[PDB]
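J.: In the deposited numbering, the protein residues as written are 1 to 40. Built from N, CA and C at the ideal position, the CB exists for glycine as well. What follows is a single structure, and I will ask about it in a moment.
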Ligand code: NA
Ligand code: NA
Ligand code: NA
Ligand code: NA
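Structure (structure tokens):
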């Protein structure tokens, strides 16, 4: 699959309980945003 997101770490927390490295990773995955920042 095309690699479309950068590795710039500005993490967000998906509703799936996984930390995504930045919003592009989250959005490309189709996962809803829980909150900004790392999941905890
Ligand atoms: Na493929
Ligand atoms: Na990179
Ligand atoms: Na999960
Ligand atoms: Na939330």
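1. If you reduce the DSSP assignment to three classes, tell me which class residue 38 lands in.
2. Any idea what DSSP makes of residue 5, helix, strand or coil?
3. Is the beta carbon of residue 34 closer than 8 Å to that of residue 5?
4. Does the beta-carbon of residue 34, which I'm using as the reference point, lie nearer than 7 Å to any heavy atom of ligand 4?
5. How would you call residue 9, buried or exposed, if buried means at least 16 neighbouring beta carbons within 10 angstroms?
T.: The structure says:
1. As a position in the chain shown, residue 38 is number 38, starting the count at 1. Coil.
2. Looking up residue 5 in the chain shown gives position 5. Three-state result, residue 5: coil.
3. One-based indexing of the chain shown puts residue 5 at position 5. One-based indexing of the chain shown puts residue 34 at position 34. Against a cut-off of 8 Å, the Cβ pair of residue 34 and residue 5 comes out as no contact.
4. As a position in the chain shown, residue 34 is number 34, starting the count at 1. Answer for residue 34: yes, Cβ within range of ligand 4.
5. As a first step, residue 9 is located in the chain shown; it is residue number 9 there, counting from the start. Classification for residue 9: exposed.
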